[PDB]
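Participant: Here is my input; please provide its structure:
(6 chains)
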Amino acid sequence: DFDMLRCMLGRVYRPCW
Amino acid sequence: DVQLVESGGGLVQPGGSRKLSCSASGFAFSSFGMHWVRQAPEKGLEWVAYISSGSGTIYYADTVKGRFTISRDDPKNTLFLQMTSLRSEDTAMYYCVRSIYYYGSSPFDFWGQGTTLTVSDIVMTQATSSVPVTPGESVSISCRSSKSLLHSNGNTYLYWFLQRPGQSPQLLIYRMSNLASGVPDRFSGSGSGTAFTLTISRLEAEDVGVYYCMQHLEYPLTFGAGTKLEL
Amino acid sequence: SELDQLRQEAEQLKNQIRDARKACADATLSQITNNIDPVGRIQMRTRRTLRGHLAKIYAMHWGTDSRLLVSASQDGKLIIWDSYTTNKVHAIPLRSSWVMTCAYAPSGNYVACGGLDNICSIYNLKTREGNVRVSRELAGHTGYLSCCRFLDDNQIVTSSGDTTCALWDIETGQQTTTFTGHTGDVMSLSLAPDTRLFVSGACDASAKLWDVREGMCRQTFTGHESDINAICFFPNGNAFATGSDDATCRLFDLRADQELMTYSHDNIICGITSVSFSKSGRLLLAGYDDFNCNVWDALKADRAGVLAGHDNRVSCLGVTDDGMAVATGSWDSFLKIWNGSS
Amino acid sequence: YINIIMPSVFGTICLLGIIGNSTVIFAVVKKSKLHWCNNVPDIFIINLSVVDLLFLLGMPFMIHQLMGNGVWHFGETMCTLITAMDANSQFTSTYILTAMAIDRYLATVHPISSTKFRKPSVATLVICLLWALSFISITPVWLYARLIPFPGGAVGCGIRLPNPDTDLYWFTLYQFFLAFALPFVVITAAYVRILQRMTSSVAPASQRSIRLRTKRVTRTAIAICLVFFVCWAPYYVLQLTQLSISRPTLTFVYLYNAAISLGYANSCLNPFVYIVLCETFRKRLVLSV
Amino acid sequence: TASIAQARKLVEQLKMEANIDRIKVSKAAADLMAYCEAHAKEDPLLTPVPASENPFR
Amino acid sequence: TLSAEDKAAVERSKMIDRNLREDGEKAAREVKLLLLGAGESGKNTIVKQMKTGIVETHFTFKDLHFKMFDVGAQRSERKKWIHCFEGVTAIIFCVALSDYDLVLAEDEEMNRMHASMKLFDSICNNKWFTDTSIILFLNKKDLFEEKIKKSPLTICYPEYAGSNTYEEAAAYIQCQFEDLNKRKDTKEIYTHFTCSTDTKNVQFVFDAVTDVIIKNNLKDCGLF
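Facilitator: Residues are numbered from 1 along each chain as shown, chains lettered A, B, ... in the order given. Here you go:
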């Protein structure tokens, strides 16, 4: 239950640009 | 027949170099470990070096380590001893000795005729230098060791050799009790711990000579002073 | 006429033997040994594993010092093992790799082997040259060599698949005595402790007792339903046990001249390859095709234990002369040494 | 439904994959009786199951920041190590699966010449070398594995390249080339060549034995090339998709999470490929029981 | 005349085997049971020895 | 806690293991062939072109060493020593085509071809050779054609209904032997028509053995 709109790279997250 | 002929000895200058060769015939040379044993004039036997079958293990005596090198050529059945920086302490007759090691084998069974070189640690003690003997009488020879030669596997690593005058040493008793092949049954080896006895029942003319006890518990292999039997 | 009359006399003689054996079957070994306590469960652990054979092991034999043993494999290698240390003392390359049996001389100076080449080869272990050499090749059997046993350094008894056993003079290389009477391939033989008699089991499902010196068959023992593969004398020499393809072991007595006990279980449906006794004879150890060795109670015919440590058929086994250990060889190319613990 | 469907796939795959990998390990190890049991192809399969097991054991350590709250509970110290280990557990399985494919090419197209070098010592040497190459390949993974600040009070482990505007392209392509592109070409080329050279000219092609041999190797070679492709293409296809995409939507995020689950499926189905398509393995399994 | 020659040999062999002295099975069974009892203690497989006396520790 | 002599005992033992390993690797690269067949079936003619109790023959062909075992002299029971050859690369079985209208010298009532047919399925379906390929040689092909003109194949096979020509009789006999294969999935049978002057017999064995090696590799590699 969160804002699951984060950018991804591999199987981990990445900072959106 | 089993033969071991040594060559390369001769008169050398101090600080010089000499190459000893031991040619083997009549037995499986690659299956035997090989030793060099020297004998200073009017002195006892002194072990020099050892190379095992397959050349995997090499041992040297402290008095020659770093100056002497032992090597073998199995296809040619030749054993070598490269000596450098020869000193007056190296003046001795050098014997080539075969010894095979497996369960129940008899190491040091055959010795070479020896080659003469002239230059211009468990302690084995044989206090009795000479023993006057008469033929047909029983003789006992005593040997002592600083350490117990009985190993935890049950073997007592004491060897007996006889060097008749003018001849190479011959194995009589190996591991303090076993009788070597070709040796008359009158010879018997008895011992316990550090004190050992070689019994010669019904002595004969051939038995006259010097008897040496050698330890094979650990390296370096050391010899006793030697006990001489005279008529 | 004459042939018909003679074969009728054989039936009368066979009935006379059967009646004579039935007369002396007053009691059963089971009834006699019913009162005695069982040996319990026999638990043996693998003390040593001998590795180095690269094919099926077909035979092994202990030396009389209970420390050295020889094993035969069809990788063409006869290997002598120091069982205490697992050191290989010798590795003898065989001229013919199809070896089926091997023997250790009681003196320890010789080993023997032979197989489908119909030859018993004698190897000298104590030579001044430091290598094992062939001293004799004993030719004369017209079938494969199935078993061989030394009597001394000069005499050896061999059984062959040509239905005959032979006694050989090793020095001259000639068979002094030939033992005939089996109608099938003789698969095994066992020497009596005094080496004056030996029993052989053949593929005619019969066991014969032979006189070594006289050279004739003394007694014939029947009762198995298929080929006998293994045979072993009881330690006192007055009995022997057999193992057959019918998944049974039977204990025959020489003096009573009949079977005393059968060692079988309903779960066991595989053939038996090797049999041996413990030092006291109370245990009968048998190797099986089901990859296991079952320890039987000889007196009570109860399965005392199982030696399960092989991935193929246990082809051979033997118990030391001092009774300290038992070795089992198998088609999985490994030998294992077993004994119990207090 | 969204909060229960995604955990269900991961839970089912993790449990099914553990049982399947355990069966392969149990059968191969226990086939003998306390004896060394290894072979040049038998070395690869047990090694593959181990790397497949590590990739599945570490599954919760990488998916806990995707299901409930997107919060990394292992800190920065484990952020670099777990990600490097997880990437190694994925990369190593690819390298083991690829090298095992070339090994089978050697034993089929070169039945005589390959006996000189298809030795257990060489097989051990290659596998030890395969692990080393994985560390070189995952070098950027652990060098740039630092925590990422999310809006709010939550943070998460991730990759923070020094120049994310330009460095994003090489990271995506190099993993695509090393872990998906090159190994798939090597594996596919190796197995199609085996299918063209799996029988002899003298062999009785009319006999059912040859035809049944042709069928089984064909369906085993196809499945291995298909399982690897199916279970990894959508994961890496999206990698090229997101190079020119800046703002993901809910549909894209759901597909990426479903793509990750297929990634753990490859190491889940690899043990089942050996169980099903290798008739020899069924007999070996019974021996243990 | 091979069969007729073999028949005489087979009949003669059965005569030798039928003329041997046989003891009772109870007598034979007792001797085997007696031998095992007398040698029971010196059987390491039947009665395992202490580990100090076991060459295969 | 080894002594100076026990250390040298182990070094000898490890030297022995080093030679056993070296010998086993050389043995694993060689092909073992068990040669079977009936008497006067052309088995010895095959050996003559590939130059005690068991006769073992060695030859090298295209960087491959073959060990061929002849056990024709063993008159003992086969089931006792037939398991010794469990694990050979392939079994070469020799069948005389011409021995269909002939009868056994001893039995005088059993057809020679049926003796070979009964012997083939005894070995082919044997439990030790469940997965062992068989190289079937149908020898005396040229002599078979001469007899088929005068003596029809109906003498051997009454149920046979075909042309009395070599091209159909020889193919019919080949199918009769291959029909005896009780497990047409775990093993394959390579059939070759040899003769007294043929020179391609060794090449057929090499081609068949090459296929046996491939099939065994696929079993090891897990592809099969």
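Participant: When you work out contacts or count neighbours from here on, use the C-alpha atoms and nothing else.
Facilitator: OK.
Participant: Centre of the chain to stretch F:52-69, how far?
Facilitator: Once both centres are worked out by Cα atoms, centre = their mean, to the nearest Å, stretch F:52-69 turns out to sit 12 Å from its chain's centre.
Participant: Please work out which residues outside that stretch touch it.
Facilitator: Contacts of stretch F:52-69 from elsewhere in the structure, counted by Cα atoms under 8 Å, 6 or more residues apart in numbering or on different chains, are C:116-119, C:142-144, D:112, F:29-35, F:47, F:50-51, F:70-74, F:206.
Participant: what's the straight distance from one end of stretch B:93-113 to the other?
Facilitator: Looking at stretch B:93-113, the gap from its leading to its trailing residue is 9 Å under the measure Cα to Cα, to the nearest Å.
Participant: in chain D, which spans are helices?
Facilitator: All helices of chain D, identified by DSSP state H, fall at D:2-29, D:40-57, D:60-67, D:75-109, D:120-137, D:139-143, D:164-175, D:182-196, D:208-241, D:250-277, D:279-288.
Participant: And the shortest one, what's buried?
Facilitator: In other words, helix D:139-143. Residues of helix D:139-143 classed as buried under the neighbour-count rule (16 or more other Cα atoms under 10 Å in any protein chain shown) are D:141-142.
Participant: Which strands or helices does that helix pack on?
Facilitator: With contacts defined as 3 or more Cα pairs under 8 Å, 6 or more residues apart in numbering or on different chains; DSSP states H and E, helix D:139-143 has these neighbours: helix D:75-109.
Participant: quick one: stretch D:54-73 to chain centroid distance?
Facilitator: A distance of 18 Å separates the C-alpha centroid of stretch D:54-73 from that of its chain, computed with Cα atoms, centre = their mean.
Participant: Tell me the buried residues in that stretch?
Facilitator: Residues D:54-56, D:59, D:61-63, D:65-67, D:70-72 are the ones in stretch D:54-73 that count as buried (16+ other Cα under 10 Å).
Participant: Mind putting those residues into JSON lines with distance to residue B:46?
Facilitator: Formatted as JSON lines, the entries for the buried residues of stretch D:54-73 read as follows, by distance: Cα to Cα, whole Å:
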{"residue": "D:54", "distance to residue B:46": "63"}
{"residue": "D:55", "distance to residue B:46": "66"}
{"residue": "D:56", "distance to residue B:46": "68"}
{"residue": "D:59", "distance to residue B:46": "71"}
{"residue": "D:61", "distance to residue B:46": "70"}
{"residue": "D:62", "distance to residue B:46": "72"}
{"residue": "D:63", "distance to residue B:46": "76"}
{"residue": "D:65", "distance to residue B:46": "78"}
{"residue": "D:66", "distance to residue B:46": "80"}
{"residue": "D:67", "distance to residue B:46": "82"}
{"residue": "D:70", "distance to residue B:46": "81"}
{"residue": "D:71", "distance to residue B:46": "79"}
{"residue": "D:72", "distance to residue B:46": "76"}
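Participant: Closest one of those residues to chain C?
Facilitator: Nearest to chain C among the buried residues of stretch D:54-73 is residue D:54, at 31.1 Å by Cα to the nearest Cα.
Participant: Tell me the residue of chain D that sits nearest chain A?
Facilitator: Of chain D, the residue with the smallest distance to chain A, taken as Cα to the nearest Cα, is residue D:158 at 4.7 Å.
Participant: among the contacts of stretch F:52-69, which are in strands?
Facilitator: F:30-35, F:70 (DSSP state E).
Participant: ok, and does stretch D:223-241 reach over to chain F?
Facilitator: No - contact of stretch D:223-241 with chain F is not found when judged by Cα under 8 Å from any Cα of the partner chain; the minimum separation is 10.0 Å.
Participant: Go ahead and confirm residue B:208 touches residue B:230.
Facilitator: Yes - between residue B:208 and residue B:230 a contact is recorded at 6.2 Å, counting by Cα atoms under 8 Å.
Participant: With neighbour numbers in mind, choose between those two.
Facilitator: When neighbours are counted by other Cα atoms under 10 Å in any protein chain shown, residue B:208 comes out ahead of the other of residue B:208 and residue B:230, with 19 against 14.
Participant: ok, for the more buried one, nearest residue in space, not its chain neighbours?
Facilitator: Leaving aside its sequence neighbours, residue B:208 sits nearest to residue B:229 (Cα to Cα, 6 or more residues apart in numbering or on different chains; 5.4 Å).
Participant: Three-state assignment for that neighbour, please.
Facilitator: When the structure is reduced to helix, strand and coil (DSSP: H, G, I helix; E, B strand; the rest coil), residue B:229 reads as strand.
Participant: Can you list the strands that the helix or strand in which residue B:5 is found pairs with?
Facilitator: Residue B:5 belongs to strand B:3-7 when assigned by DSSP states H and E. On the basis of DSSP bridges, the sheet neighbours of strand B:3-7 come out as strand B:18-25 (antiparallel).
Participant: Which strands or helices does the helix or strand that the partner strand is followed by pack on?
Facilitator: Per DSSP H and E, strand B:18-25 leads on to strand B:33-39 as the next helix or strand towards the C-terminus. The criterion is 3+ Cα pairs under 8 Å, 6+ apart, and the helices and strands that strand B:33-39 contacts are strand B:45-51, strand B:92-99.
Participant: The longest one pairs with which strands, and in what direction?
Facilitator: Put plainly, it is strand B:92-99. When pairing is defined by DSSP bridges, strand B:92-99 lines up against strand B:33-39 (antiparallel), strand B:110-111 (antiparallel), strand B:115-119 (antiparallel).
Participant: Around the residue nearest to residue B:208, how many other residues sit close by?
Facilitator: When neighbours are defined as other Cα under 10 Å, residue B:229 has 19 of them.
Participant: before we move on, what about residue B:202?
Facilitator: For residue B:202, the neighbour count with other Cα under 10 Å is 14.
Participant: Not counting its neighbours along the chain, what's nearest the residue nearest the centre of chain B?
Facilitator: Computing the C-alpha centroid of chain B and ranking residues by Cα atoms, centre = their mean puts residue B:37 first, at 5.8 Å. Closest residue to residue B:37 in three dimensions, ignoring its sequence neighbours and counting by Cα to Cα, 6+ apart: residue B:47, at 4.2 Å.
Participant: hang on, the earlier thing: how about the helices and strands packed on strand B:33-39 in JSON lines, adding mean neighbour count?
Facilitator: As requested, the helices and strands packed on strand B:33-39 are arranged in JSON lines below (neighbours: other Cα atoms under 10 Å in any protein chain shown):
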{"stretch": "strand B:45-51", "mean neighbour count": "24"}
{"stretch": "strand B:92-99", "mean neighbour count": "24"}
